[PDB]
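First structure 1, then structure 2: two forms of the same chain, each alone, as structure tokens.
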Structure 1
């Protein structure tokens, strides 16, 4: 998906609660489940990518971190 598309999806779930410019791990799980169900298949690397990308260790990732996460978890 294009970044413009990806931004709209990210915002929709981040808006659920907390900071509208961050996504917690649970918000990311609901987002993948409904938007990219195929990315949640077989052994997962979600927690490893999540831990590496959440640099400030606050349990949340920014839009650019999310983009990287979708990209990497896909290959």
Structure 2
């Protein structure tokens, strides 16, 4: 639906809103999902669960590398 460069630009716009300008906090992931990919939230997982899954290193932030796990969902 979007090229990888276009997806990075959406990530970047939401990641710069608070805290780490290059990573997403849970609130930033919520804003991105609600605005751009709303079907991702009416799924089996809650936002807390999705955040916990994406955040592999457990640092409370989702990097662009971590965010890649969502692209199959988004693309398909």
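Heads up, when I say rigid core I mean the largest set of C-alphas that superpose within 1.5 Å between the two forms. Positions refer to the first chain, counted from 1.
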Q: Verify the C-alpha shift of residue 45 between the two structures: is it 2 Å or more after superposing the core?
A: yes
Q) Can you give the C-alpha shift of residue 12 between the two structures in Å, rounded to one decimal, after superposing the rigid core? A) 0.3
Q.
Please report, in Å, how much the Cα atom of residue 69 moves between the two structures when the rigid core is superposed.
A. 3.4
Q. What is the magnitude, in angstrom, of the C-alpha shift at residue 58 between the two structures when the rigid core serves as the superposition reference?
A. 1.9
